[PDB]
$ cat data-v3.cif   # mmCIF, N, CA and C atoms and all ligand atoms
data_work
loop_
_atom_site.label_atom_id
_atom_site.label_comp_id
_atom_site.auth_asym_id
_atom_site.auth_seq_id
_atom_site.Cartn_x
_atom_site.Cartn_y
_atom_site.Cartn_z
N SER A 22 -22.82 5.38 5.53
CA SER A 22 -22.89 4.90 6.91
C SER A 22 -21.57 5.05 7.60
N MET A 23 -21.63 5.10 8.93
CA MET A 23 -20.44 5.19 9.71
C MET A 23 -19.67 3.88 9.67
N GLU A 24 -20.36 2.73 9.59
CA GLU A 24 -19.69 1.40 9.45
C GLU A 24 -18.78 1.37 8.18
N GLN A 25 -19.34 1.80 7.04
CA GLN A 25 -18.59 1.96 5.79
C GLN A 25 -17.35 2.84 5.91
N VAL A 26 -17.54 4.05 6.41
CA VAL A 26 -16.40 4.91 6.77
C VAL A 26 -15.29 4.26 7.61
N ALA A 27 -15.68 3.55 8.66
CA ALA A 27 -14.65 2.90 9.52
C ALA A 27 -13.86 1.78 8.80
N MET A 28 -14.51 1.07 7.89
CA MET A 28 -13.87 0.09 7.05
C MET A 28 -12.89 0.75 6.11
N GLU A 29 -13.28 1.94 5.63
CA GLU A 29 -12.44 2.75 4.72
C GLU A 29 -11.22 3.32 5.42
N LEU A 30 -11.38 3.67 6.68
CA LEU A 30 -10.26 4.14 7.48
C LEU A 30 -9.28 2.96 7.74
N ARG A 31 -9.80 1.75 7.96
CA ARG A 31 -8.96 0.53 8.08
C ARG A 31 -8.21 0.20 6.77
N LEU A 32 -8.87 0.31 5.62
CA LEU A 32 -8.23 0.12 4.31
C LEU A 32 -7.12 1.13 4.10
N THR A 33 -7.40 2.38 4.45
CA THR A 33 -6.39 3.43 4.35
C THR A 33 -5.18 3.20 5.24
N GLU A 34 -5.41 2.76 6.48
CA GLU A 34 -4.27 2.49 7.34
C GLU A 34 -3.45 1.25 6.87
N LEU A 35 -4.13 0.24 6.36
CA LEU A 35 -3.46 -0.87 5.75
C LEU A 35 -2.59 -0.39 4.57
N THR A 36 -3.14 0.53 3.78
CA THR A 36 -2.46 1.04 2.63
C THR A 36 -1.21 1.74 3.05
N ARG A 37 -1.25 2.53 4.13
CA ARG A 37 -0.06 3.22 4.63
C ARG A 37 1.03 2.26 5.08
N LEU A 38 0.66 1.25 5.85
CA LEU A 38 1.60 0.22 6.25
C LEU A 38 2.21 -0.53 5.03
N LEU A 39 1.36 -0.89 4.06
CA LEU A 39 1.80 -1.60 2.86
C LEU A 39 2.76 -0.77 2.00
N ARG A 40 2.56 0.54 1.95
CA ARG A 40 3.50 1.43 1.31
C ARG A 40 4.90 1.39 1.95
N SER A 41 4.96 1.40 3.27
CA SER A 41 6.25 1.29 3.96
C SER A 41 6.88 -0.12 3.78
N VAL A 42 6.05 -1.17 3.81
CA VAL A 42 6.52 -2.51 3.56
C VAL A 42 7.12 -2.52 2.15
N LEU A 43 6.44 -1.90 1.18
CA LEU A 43 6.87 -1.94 -0.21
C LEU A 43 8.19 -1.22 -0.39
N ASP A 44 8.36 -0.07 0.26
CA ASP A 44 9.67 0.64 0.21
C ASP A 44 10.79 -0.15 0.81
N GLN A 45 10.52 -0.81 1.91
CA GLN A 45 11.49 -1.64 2.55
C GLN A 45 11.88 -2.84 1.65
N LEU A 46 10.89 -3.43 0.98
CA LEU A 46 11.14 -4.58 0.09
C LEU A 46 11.97 -4.14 -1.11
N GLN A 47 11.61 -2.99 -1.66
CA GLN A 47 12.28 -2.50 -2.81
C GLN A 47 13.74 -2.06 -2.53
N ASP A 48 14.05 -1.66 -1.30
CA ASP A 48 15.44 -1.35 -0.93
C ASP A 48 16.27 -2.58 -0.98
N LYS A 49 15.66 -3.76 -0.88
CA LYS A 49 16.40 -4.98 -1.04
C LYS A 49 16.71 -5.37 -2.48
N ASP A 50 16.46 -4.44 -3.40
CA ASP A 50 16.66 -4.62 -4.86
C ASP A 50 17.39 -3.41 -5.36
N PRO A 51 18.60 -3.13 -4.81
CA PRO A 51 19.31 -1.88 -5.20
C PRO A 51 19.63 -1.78 -6.70
N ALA A 52 19.86 -2.93 -7.34
CA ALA A 52 20.03 -2.99 -8.80
C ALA A 52 18.80 -2.65 -9.64
N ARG A 53 17.60 -2.64 -9.03
CA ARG A 53 16.35 -2.31 -9.71
C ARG A 53 15.96 -3.27 -10.82
N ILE A 54 16.31 -4.53 -10.59
CA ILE A 54 15.95 -5.61 -11.49
C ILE A 54 14.42 -5.82 -11.56
N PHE A 55 13.75 -5.60 -10.43
CA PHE A 55 12.27 -5.80 -10.29
C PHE A 55 11.39 -4.54 -10.27
N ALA A 56 12.03 -3.40 -10.58
CA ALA A 56 11.39 -2.08 -10.56
C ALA A 56 10.22 -1.91 -11.49
N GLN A 57 10.32 -2.51 -12.68
CA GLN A 57 9.39 -2.24 -13.78
C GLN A 57 9.00 -3.55 -14.44
N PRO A 58 7.86 -3.60 -15.12
CA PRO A 58 7.53 -4.82 -15.85
C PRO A 58 8.60 -5.26 -16.85
N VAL A 59 8.70 -6.56 -17.04
CA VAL A 59 9.51 -7.09 -18.15
C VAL A 59 8.94 -6.48 -19.47
N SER A 60 9.82 -5.91 -20.28
CA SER A 60 9.41 -5.37 -21.61
C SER A 60 9.12 -6.45 -22.67
N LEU A 61 7.93 -6.43 -23.26
CA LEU A 61 7.61 -7.34 -24.35
C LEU A 61 8.31 -6.97 -25.62
N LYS A 62 8.75 -5.72 -25.74
CA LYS A 62 9.66 -5.36 -26.81
C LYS A 62 11.01 -6.12 -26.69
N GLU A 63 11.59 -6.26 -25.51
CA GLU A 63 12.92 -6.94 -25.34
C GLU A 63 12.93 -8.46 -24.93
N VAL A 64 11.77 -8.97 -24.50
CA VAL A 64 11.57 -10.40 -24.26
C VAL A 64 10.24 -10.70 -24.88
N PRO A 65 10.23 -10.83 -26.23
CA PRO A 65 8.89 -10.88 -26.88
C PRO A 65 8.12 -12.12 -26.56
N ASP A 66 8.83 -13.20 -26.22
CA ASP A 66 8.21 -14.50 -25.83
C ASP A 66 7.73 -14.56 -24.35
N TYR A 67 7.82 -13.42 -23.63
CA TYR A 67 7.72 -13.49 -22.15
C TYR A 67 6.43 -14.11 -21.69
N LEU A 68 5.36 -13.78 -22.39
CA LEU A 68 4.04 -14.20 -21.96
C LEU A 68 3.71 -15.66 -22.33
N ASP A 69 4.48 -16.27 -23.22
CA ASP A 69 4.42 -17.74 -23.41
C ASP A 69 4.99 -18.49 -22.19
N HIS A 70 5.91 -17.84 -21.48
CA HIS A 70 6.55 -18.42 -20.29
C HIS A 70 5.84 -18.10 -18.99
N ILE A 71 5.49 -16.87 -18.80
CA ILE A 71 5.00 -16.38 -17.51
C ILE A 71 3.59 -15.85 -17.72
N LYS A 72 2.65 -16.49 -17.04
CA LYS A 72 1.23 -16.13 -17.12
C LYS A 72 0.77 -14.90 -16.35
N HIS A 73 1.36 -14.69 -15.17
CA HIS A 73 1.02 -13.51 -14.39
C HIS A 73 2.31 -12.69 -14.03
N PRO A 74 2.79 -11.85 -14.94
CA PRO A 74 3.88 -10.91 -14.64
C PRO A 74 3.56 -9.98 -13.49
N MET A 75 4.61 -9.66 -12.74
CA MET A 75 4.48 -8.74 -11.67
C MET A 75 5.80 -8.01 -11.54
N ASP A 76 5.72 -6.83 -10.97
CA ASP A 76 6.88 -5.97 -10.73
C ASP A 76 6.49 -4.90 -9.68
N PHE A 77 7.46 -4.18 -9.15
CA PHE A 77 7.22 -3.24 -8.06
C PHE A 77 6.39 -2.04 -8.51
N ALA A 78 6.55 -1.58 -9.74
CA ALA A 78 5.73 -0.43 -10.19
C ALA A 78 4.25 -0.79 -10.30
N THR A 79 3.97 -2.02 -10.74
CA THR A 79 2.62 -2.47 -10.88
C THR A 79 2.01 -2.63 -9.46
N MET A 80 2.79 -3.11 -8.50
CA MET A 80 2.35 -3.22 -7.14
C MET A 80 2.02 -1.81 -6.58
N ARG A 81 2.93 -0.87 -6.82
CA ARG A 81 2.73 0.49 -6.39
C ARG A 81 1.44 1.13 -6.99
N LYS A 82 1.14 0.87 -8.26
CA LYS A 82 -0.11 1.41 -8.86
C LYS A 82 -1.32 0.83 -8.11
N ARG A 83 -1.29 -0.49 -7.89
CA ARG A 83 -2.37 -1.13 -7.21
C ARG A 83 -2.56 -0.58 -5.76
N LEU A 84 -1.45 -0.36 -5.08
CA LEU A 84 -1.42 0.19 -3.74
C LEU A 84 -2.06 1.55 -3.64
N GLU A 85 -1.78 2.41 -4.60
CA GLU A 85 -2.22 3.79 -4.54
C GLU A 85 -3.70 3.97 -4.91
N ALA A 86 -4.27 2.99 -5.60
CA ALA A 86 -5.69 2.86 -5.72
C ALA A 86 -6.29 2.08 -4.52
N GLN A 87 -5.53 1.93 -3.43
CA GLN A 87 -5.93 1.05 -2.31
C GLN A 87 -6.48 -0.28 -2.76
N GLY A 88 -5.81 -0.93 -3.72
CA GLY A 88 -6.26 -2.22 -4.30
C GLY A 88 -5.87 -3.47 -3.54
N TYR A 89 -5.14 -3.35 -2.42
CA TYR A 89 -4.87 -4.52 -1.57
C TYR A 89 -5.81 -4.50 -0.32
N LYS A 90 -6.67 -5.49 -0.23
CA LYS A 90 -7.64 -5.57 0.86
C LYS A 90 -7.00 -6.14 2.11
N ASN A 91 -5.93 -6.93 1.95
CA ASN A 91 -5.20 -7.52 3.09
C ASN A 91 -3.73 -7.81 2.74
N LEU A 92 -2.95 -8.27 3.72
CA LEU A 92 -1.53 -8.50 3.52
C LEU A 92 -1.33 -9.70 2.63
N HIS A 93 -2.19 -10.70 2.78
CA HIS A 93 -2.14 -11.89 1.91
C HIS A 93 -2.06 -11.52 0.42
N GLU A 94 -2.91 -10.60 -0.01
CA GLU A 94 -2.98 -10.19 -1.43
C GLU A 94 -1.66 -9.55 -1.88
N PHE A 95 -1.11 -8.71 -1.03
CA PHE A 95 0.14 -8.04 -1.28
C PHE A 95 1.30 -9.03 -1.37
N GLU A 96 1.37 -9.95 -0.42
CA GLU A 96 2.36 -11.01 -0.44
C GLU A 96 2.29 -11.90 -1.67
N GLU A 97 1.08 -12.27 -2.12
CA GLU A 97 0.92 -13.00 -3.38
C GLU A 97 1.64 -12.32 -4.55
N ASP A 98 1.46 -11.00 -4.66
CA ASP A 98 2.10 -10.20 -5.73
C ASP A 98 3.62 -10.16 -5.53
N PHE A 99 4.09 -10.00 -4.30
CA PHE A 99 5.54 -10.03 -4.06
C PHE A 99 6.13 -11.39 -4.46
N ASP A 100 5.46 -12.43 -4.03
CA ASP A 100 5.84 -13.76 -4.43
C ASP A 100 5.91 -14.04 -5.95
N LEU A 101 4.96 -13.51 -6.73
CA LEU A 101 4.96 -13.61 -8.17
C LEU A 101 6.22 -12.98 -8.71
N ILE A 102 6.62 -11.81 -8.17
CA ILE A 102 7.88 -11.16 -8.63
C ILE A 102 9.06 -12.15 -8.55
N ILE A 103 9.15 -12.82 -7.39
CA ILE A 103 10.23 -13.73 -7.12
C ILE A 103 10.10 -15.00 -7.95
N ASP A 104 8.89 -15.54 -7.92
CA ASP A 104 8.70 -16.86 -8.46
C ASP A 104 8.79 -16.81 -9.99
N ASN A 105 8.33 -15.72 -10.60
CA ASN A 105 8.41 -15.53 -12.05
C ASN A 105 9.86 -15.54 -12.51
N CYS A 106 10.68 -14.83 -11.75
CA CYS A 106 12.06 -14.65 -12.08
C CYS A 106 12.82 -15.99 -11.99
N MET A 107 12.54 -16.75 -10.95
CA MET A 107 13.19 -18.02 -10.74
C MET A 107 12.79 -19.12 -11.70
N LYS A 108 11.69 -18.93 -12.43
CA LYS A 108 11.31 -19.85 -13.45
C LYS A 108 11.89 -19.44 -14.82
N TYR A 109 11.76 -18.16 -15.17
CA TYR A 109 12.25 -17.65 -16.48
C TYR A 109 13.77 -17.70 -16.56
N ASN A 110 14.45 -17.32 -15.50
CA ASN A 110 15.89 -17.26 -15.53
C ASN A 110 16.57 -18.47 -14.89
N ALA A 111 17.75 -18.81 -15.40
CA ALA A 111 18.47 -19.97 -14.87
C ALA A 111 19.19 -19.60 -13.61
N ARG A 112 19.49 -20.63 -12.86
CA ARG A 112 20.14 -20.52 -11.55
C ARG A 112 21.47 -19.75 -11.54
N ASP A 113 22.25 -19.90 -12.62
CA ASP A 113 23.53 -19.22 -12.73
C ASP A 113 23.47 -17.74 -13.20
N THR A 114 22.31 -17.09 -13.16
CA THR A 114 22.20 -15.73 -13.68
C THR A 114 22.10 -14.71 -12.57
N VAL A 115 22.52 -13.51 -12.91
CA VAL A 115 22.37 -12.39 -12.02
C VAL A 115 20.87 -12.13 -11.63
N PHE A 116 19.96 -12.42 -12.55
CA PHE A 116 18.53 -12.23 -12.28
C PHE A 116 18.04 -13.19 -11.24
N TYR A 117 18.35 -14.47 -11.43
CA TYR A 117 17.86 -15.51 -10.46
C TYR A 117 18.42 -15.22 -9.09
N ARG A 118 19.70 -14.87 -9.05
CA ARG A 118 20.36 -14.62 -7.78
C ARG A 118 19.83 -13.38 -7.05
N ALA A 119 19.46 -12.34 -7.81
CA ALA A 119 18.80 -11.16 -7.23
C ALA A 119 17.40 -11.54 -6.63
N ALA A 120 16.70 -12.49 -7.25
CA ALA A 120 15.43 -12.97 -6.74
C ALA A 120 15.62 -13.71 -5.40
N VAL A 121 16.60 -14.62 -5.35
CA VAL A 121 16.92 -15.34 -4.12
C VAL A 121 17.22 -14.33 -2.98
N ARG A 122 18.00 -13.31 -3.28
CA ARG A 122 18.36 -12.35 -2.24
C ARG A 122 17.17 -11.52 -1.76
N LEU A 123 16.30 -11.18 -2.69
CA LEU A 123 15.10 -10.39 -2.36
C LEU A 123 14.16 -11.20 -1.50
N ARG A 124 14.02 -12.49 -1.86
CA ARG A 124 13.21 -13.41 -1.11
C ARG A 124 13.71 -13.52 0.35
N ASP A 125 15.00 -13.81 0.50
CA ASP A 125 15.61 -14.01 1.83
C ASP A 125 15.51 -12.78 2.74
N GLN A 126 15.87 -11.65 2.17
CA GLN A 126 15.80 -10.38 2.85
C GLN A 126 14.38 -9.87 3.05
N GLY A 127 13.53 -10.08 2.06
CA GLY A 127 12.12 -9.73 2.18
C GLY A 127 11.35 -10.51 3.22
N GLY A 128 11.70 -11.78 3.39
CA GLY A 128 11.08 -12.66 4.42
C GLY A 128 11.12 -12.11 5.84
N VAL A 129 12.22 -11.44 6.18
CA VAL A 129 12.40 -10.76 7.49
C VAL A 129 11.36 -9.63 7.65
N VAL A 130 11.28 -8.77 6.63
CA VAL A 130 10.36 -7.63 6.61
C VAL A 130 8.90 -8.12 6.74
N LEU A 131 8.55 -9.12 5.96
CA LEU A 131 7.19 -9.67 5.93
C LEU A 131 6.81 -10.42 7.24
N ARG A 132 7.80 -11.03 7.89
CA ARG A 132 7.60 -11.68 9.18
C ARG A 132 6.99 -10.71 10.23
N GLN A 133 7.55 -9.50 10.28
CA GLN A 133 7.14 -8.50 11.25
C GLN A 133 5.90 -7.73 10.76
N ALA A 134 5.85 -7.39 9.46
CA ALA A 134 4.63 -6.82 8.87
C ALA A 134 3.37 -7.67 9.21
N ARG A 135 3.47 -9.00 9.19
CA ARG A 135 2.35 -9.87 9.53
C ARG A 135 1.94 -9.69 10.97
N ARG A 136 2.91 -9.46 11.85
CA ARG A 136 2.63 -9.18 13.26
C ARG A 136 2.01 -7.77 13.40
N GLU A 137 2.50 -6.76 12.65
CA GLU A 137 1.91 -5.39 12.72
C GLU A 137 0.45 -5.27 12.19
N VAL A 138 0.12 -6.07 11.19
CA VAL A 138 -1.22 -6.09 10.57
C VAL A 138 -2.26 -6.81 11.44
N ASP A 139 -1.84 -7.93 12.05
CA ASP A 139 -2.57 -8.61 13.14
C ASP A 139 -2.72 -7.66 14.33
N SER A 140 -1.58 -7.23 14.87
CA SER A 140 -1.50 -6.41 16.09
C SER A 140 -2.34 -5.12 16.00
N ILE A 141 -2.11 -4.30 14.97
CA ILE A 141 -2.91 -3.07 14.74
C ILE A 141 -4.31 -3.36 14.13
N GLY A 142 -4.53 -4.58 13.64
CA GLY A 142 -5.85 -5.01 13.19
C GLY A 142 -6.16 -4.47 11.81
NA NA B 1 13.77 -22.20 -15.16
#

$ encode --input "data-v3.cif" --output "structure tokens"
Amino acid sequence: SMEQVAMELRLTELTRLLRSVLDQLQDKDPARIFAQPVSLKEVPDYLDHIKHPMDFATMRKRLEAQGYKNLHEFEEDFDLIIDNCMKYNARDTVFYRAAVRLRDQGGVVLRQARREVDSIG
């Protein structure tokens, strides 16, 4: 149906916007602390601590399968990246501090992305 097609064109345009949002968010992580999943080989206890791991590569895989239906879903995953890190790592660490910075800087990007997703529909 043409209705189905038009919904698919909306999903695709959301996907394009979310890709640019994701690149912008990831530039706020020049150290690449959040680039890849935490390794269970190097933090073998990780999953006793953190129930839903997230990272930018996993977000990117989901994005390219057009797996985000809206901005809310994408933001939930970005938030898990931050929130996971701030629980596992202590306040005095380079990891926790990189999370705080990503959060603060990412908040600006997401503020306007929310207006672009509303605005362009
Ligand atoms: Na903690």

$ atom_distance --input "data-v3.cif" --atom1 "atom N of residue 138 (chain A)" --atom2 "atom N of residue 92 (chain A)"
8.4 Å

$ residues_around --input "data-v3.cif" --residues "region 111-126 of chain A" --least-positions-apart "4" --cutoff "6.5 Å" --atoms "only N, CA and C atoms" --output "list in words"
residues 49, 50, 103, 106, 107 and 130 of chain A

$ residues_near_ligand --input "data-v3.cif" --ligand "ligand NA 1 (chain B)" --cutoff "6 Å" --atoms "only C-alpha atoms and all ligand atoms" --output "list in words"
residues 108, 109, 110 and 111 of chain A

$ atom_distance --input "data-v3.cif" --atom1 "CA of residue 84 (chain A)" --atom2 "CA of residue 97 (chain A)"
13.4 Å

$ atom_distance --input "data-v3.cif" --atom1 "CA of residue 72 (chain A)" --atom2 "atom C of residue 96 (chain A)"
16.1 Å

$ closest_atom_pairs --input "data-v3.cif" --of "region 37-141 of chain A" --to "region 22-32 of chain A" --cutoff "7 Å" --atoms "only N, CA and C atoms" --output "Markdown table"
| residue | atom | partner | partner_atom | distance |
| --- | --- | --- | --- | --- |
| A:37 | N | A:32 | C | 6.0 |
| A:87 | CA | A:32 | C | 6.5 |
| A:89 | C | A:32 | CA | 7.0 |
| A:90 | CA | A:32 | CA | 6.7 |

$ closest_residue --input "data-v3.cif" --among "A:94, A:137, A:100, A:85" --to "residue 36 (chain A)" --atoms "only C-alpha atoms"
A:85

$ select_by_dssp --input "data-v3.cif" --residues "chain A" --states "helix (DSSP H, G or I)" --output "PyMOL selection string"
chain A and resi 23-48+67-70+77-85+92-109+115-141

$ closest_residue --input "data-v3.cif" --among "A:54, A:43, A:141, A:61" --to "residue 80 (chain A)" --atoms "only C-alpha atoms"
A:43

$ closest_residue --input "data-v3.cif" --among "A:56, A:102, A:75, A:38" --to "residue 127 (chain A)" --atoms "only C-alpha atoms"
A:102

$ residues_around --input "data-v3.cif" --residues "residue 47 (chain A)" --least-positions-apart "5" --cutoff "8 Å" --atoms "all atoms listed in the file" --output "VMD selection string"
chain A and resid 41 to 42 52 to 53 55 to 56 77 127

$ closest_residue --input "data-v3.cif" --among "A:48, A:105, A:34, A:136" --to "residue 70 (chain A)" --atoms "only N, CA and C atoms"
A:105

$ decode --input "data-v3.cif" --residues "region 58-85 of chain A" --atoms "N, CA, C and O atoms" --output "PDB file, in the first residue's frame"
ATOM      1  N   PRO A  58      31.316  -1.956  22.777  1.00  0.00           N
ATOM      2  CA  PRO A  58      30.884  -2.575  24.030  1.00  0.00           C
ATOM      3  C   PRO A  58      32.018  -2.829  25.028  1.00  0.00           C
ATOM      4  O   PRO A  58      33.178  -3.056  24.654  1.00  0.00           O
ATOM      5  N   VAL A  59      31.680  -2.755  26.306  1.00  0.00           N
ATOM      6  CA  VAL A  59      32.608  -3.214  27.344  1.00  0.00           C
ATOM      7  C   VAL A  59      32.943  -4.714  27.046  1.00  0.00           C
ATOM      8  O   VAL A  59      32.033  -5.551  26.784  1.00  0.00           O
ATOM      9  N   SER A  60      34.230  -5.033  27.011  1.00  0.00           N
ATOM     10  CA  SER A  60      34.669  -6.445  26.817  1.00  0.00           C
ATOM     11  C   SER A  60      34.466  -7.346  28.056  1.00  0.00           C
ATOM     12  O   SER A  60      35.043  -7.074  29.080  1.00  0.00           O
ATOM     13  N   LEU A  61      33.748  -8.449  27.903  1.00  0.00           N
ATOM     14  CA  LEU A  61      33.598  -9.418  28.981  1.00  0.00           C
ATOM     15  C   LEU A  61      34.855 -10.194  29.225  1.00  0.00           C
ATOM     16  O   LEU A  61      35.046 -10.718  30.306  1.00  0.00           O
ATOM     17  N   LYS A  62      35.742 -10.243  28.239  1.00  0.00           N
ATOM     18  CA  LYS A  62      37.085 -10.746  28.480  1.00  0.00           C
ATOM     19  C   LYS A  62      37.846  -9.851  29.504  1.00  0.00           C
ATOM     20  O   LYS A  62      38.454 -10.367  30.406  1.00  0.00           O
ATOM     21  N   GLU A  63      37.765  -8.531  29.420  1.00  0.00           N
ATOM     22  CA  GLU A  63      38.520  -7.623  30.344  1.00  0.00           C
ATOM     23  C   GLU A  63      37.775  -7.051  31.608  1.00  0.00           C
ATOM     24  O   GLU A  63      38.401  -6.416  32.515  1.00  0.00           O
ATOM     25  N   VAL A  64      36.447  -7.206  31.631  1.00  0.00           N
ATOM     26  CA  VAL A  64      35.632  -6.904  32.811  1.00  0.00           C
ATOM     27  C   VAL A  64      34.693  -8.062  32.918  1.00  0.00           C
ATOM     28  O   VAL A  64      33.527  -8.002  32.476  1.00  0.00           O
ATOM     29  N   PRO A  65      35.203  -9.200  33.453  1.00  0.00           N
ATOM     30  CA  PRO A  65      34.369 -10.425  33.336  1.00  0.00           C
ATOM     31  C   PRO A  65      33.123 -10.365  34.166  1.00  0.00           C
ATOM     32  O   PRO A  65      32.137 -10.978  33.785  1.00  0.00           O
ATOM     33  N   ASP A  66      33.147  -9.564  35.231  1.00  0.00           N
ATOM     34  CA  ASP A  66      31.973  -9.364  36.134  1.00  0.00           C
ATOM     35  C   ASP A  66      30.925  -8.342  35.605  1.00  0.00           C
ATOM     36  O   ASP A  66      29.892  -8.067  36.295  1.00  0.00           O
ATOM     37  N   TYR A  67      31.129  -7.843  34.363  1.00  0.00           N
ATOM     38  CA  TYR A  67      30.390  -6.624  33.941  1.00  0.00           C
ATOM     39  C   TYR A  67      28.903  -6.805  34.026  1.00  0.00           C
ATOM     40  O   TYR A  67      28.183  -5.927  34.491  1.00  0.00           O
ATOM     41  N   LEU A  68      28.447  -7.983  33.652  1.00  0.00           N
ATOM     42  CA  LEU A  68      27.026  -8.233  33.550  1.00  0.00           C
ATOM     43  C   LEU A  68      26.349  -8.507  34.910  1.00  0.00           C
ATOM     44  O   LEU A  68      25.128  -8.377  35.010  1.00  0.00           O
ATOM     45  N   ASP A  69      27.123  -8.787  35.948  1.00  0.00           N
ATOM     46  CA  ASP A  69      26.591  -8.780  37.330  1.00  0.00           C
ATOM     47  C   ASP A  69      26.252  -7.350  37.787  1.00  0.00           C
ATOM     48  O   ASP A  69      25.384  -7.128  38.636  1.00  0.00           O
ATOM     49  N   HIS A  70      26.955  -6.363  37.226  1.00  0.00           N
ATOM     50  CA  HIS A  70      26.747  -4.947  37.553  1.00  0.00           C
ATOM     51  C   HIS A  70      25.734  -4.249  36.674  1.00  0.00           C
ATOM     52  O   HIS A  70      24.829  -3.562  37.158  1.00  0.00           O
ATOM     53  N   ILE A  71      25.843  -4.438  35.395  1.00  0.00           N
ATOM     54  CA  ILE A  71      25.077  -3.663  34.420  1.00  0.00           C
ATOM     55  C   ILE A  71      24.213  -4.625  33.621  1.00  0.00           C
ATOM     56  O   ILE A  71      24.731  -5.528  32.933  1.00  0.00           O
ATOM     57  N   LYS A  72      22.907  -4.436  33.751  1.00  0.00           N
ATOM     58  CA  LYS A  72      21.919  -5.275  33.068  1.00  0.00           C
ATOM     59  C   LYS A  72      21.687  -5.019  31.585  1.00  0.00           C
ATOM     60  O   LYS A  72      21.483  -5.966  30.807  1.00  0.00           O
ATOM     61  N   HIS A  73      21.744  -3.750  31.186  1.00  0.00           N
ATOM     62  CA  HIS A  73      21.589  -3.425  29.773  1.00  0.00           C
ATOM     63  C   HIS A  73      22.803  -2.574  29.260  1.00  0.00           C
ATOM     64  O   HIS A  73      22.703  -1.344  29.200  1.00  0.00           O
ATOM     65  N   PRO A  74      23.910  -3.228  28.900  1.00  0.00           N
ATOM     66  CA  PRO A  74      25.044  -2.545  28.243  1.00  0.00           C
ATOM     67  C   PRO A  74      24.650  -1.861  26.953  1.00  0.00           C
ATOM     68  O   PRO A  74      23.744  -2.327  26.226  1.00  0.00           O
ATOM     69  N   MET A  75      25.310  -0.734  26.711  1.00  0.00           N
ATOM     70  CA  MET A  75      25.105  -0.022  25.507  1.00  0.00           C
ATOM     71  C   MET A  75      26.413   0.655  25.154  1.00  0.00           C
ATOM     72  O   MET A  75      27.267   0.928  26.025  1.00  0.00           O
ATOM     73  N   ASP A  76      26.549   0.938  23.874  1.00  0.00           N
ATOM     74  CA  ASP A  76      27.729   1.609  23.328  1.00  0.00           C
ATOM     75  C   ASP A  76      27.371   2.156  21.923  1.00  0.00           C
ATOM     76  O   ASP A  76      26.313   1.818  21.393  1.00  0.00           O
ATOM     77  N   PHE A  77      28.219   2.995  21.358  1.00  0.00           N
ATOM     78  CA  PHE A  77      27.924   3.668  20.098  1.00  0.00           C
ATOM     79  C   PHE A  77      27.889   2.697  18.919  1.00  0.00           C
ATOM     80  O   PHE A  77      27.102   2.913  17.989  1.00  0.00           O
ATOM     81  N   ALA A  78      28.723   1.668  18.918  1.00  0.00           N
ATOM     82  CA  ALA A  78      28.686   0.710  17.796  1.00  0.00           C
ATOM     83  C   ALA A  78      27.387  -0.086  17.763  1.00  0.00           C
ATOM     84  O   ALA A  78      26.894  -0.442  16.699  1.00  0.00           O
ATOM     85  N   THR A  79      26.871  -0.426  18.943  1.00  0.00           N
ATOM     86  CA  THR A  79      25.646  -1.174  19.039  1.00  0.00           C
ATOM     87  C   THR A  79      24.480  -0.249  18.580  1.00  0.00           C
ATOM     88  O   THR A  79      23.567  -0.703  17.917  1.00  0.00           O
ATOM     89  N   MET A  80      24.530   1.032  18.932  1.00  0.00           N
ATOM     90  CA  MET A  80      23.548   1.979  18.493  1.00  0.00           C
ATOM     91  C   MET A  80      23.582   2.090  16.953  1.00  0.00           C
ATOM     92  O   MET A  80      22.534   2.044  16.278  1.00  0.00           O
ATOM     93  N   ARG A  81      24.788   2.213  16.409  1.00  0.00           N
ATOM     94  CA  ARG A  81      24.962   2.294  14.976  1.00  0.00           C
ATOM     95  C   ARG A  81      24.409   1.035  14.238  1.00  0.00           C
ATOM     96  O   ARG A  81      23.757   1.167  13.182  1.00  0.00           O
ATOM     97  N   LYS A  82      24.602  -0.162  14.790  1.00  0.00           N
ATOM     98  CA  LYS A  82      24.043  -1.372  14.143  1.00  0.00           C
ATOM     99  C   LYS A  82      22.506  -1.274  14.123  1.00  0.00           C
ATOM    100  O   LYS A  82      21.859  -1.545  13.097  1.00  0.00           O
ATOM    101  N   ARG A  83      21.930  -0.890  15.260  1.00  0.00           N
ATOM    102  CA  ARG A  83      20.514  -0.768  15.348  1.00  0.00           C
ATOM    103  C   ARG A  83      19.951   0.295  14.343  1.00  0.00           C
ATOM    104  O   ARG A  83      18.974   0.028  13.621  1.00  0.00           O
ATOM    105  N   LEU A  84      20.655   1.408  14.229  1.00  0.00           N
ATOM    106  CA  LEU A  84      20.319   2.486  13.328  1.00  0.00           C
ATOM    107  C   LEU A  84      20.274   2.053  11.879  1.00  0.00           C
ATOM    108  O   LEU A  84      19.363   2.425  11.155  1.00  0.00           O
ATOM    109  N   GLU A  85      21.247   1.257  11.472  1.00  0.00           N
ATOM    110  CA  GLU A  85      21.389   0.890  10.073  1.00  0.00           C
ATOM    111  C   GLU A  85      20.397  -0.198   9.630  1.00  0.00           C
ATOM    112  O   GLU A  85      20.104  -0.328   8.441  1.00  0.00           O
TER     113      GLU A  85
END
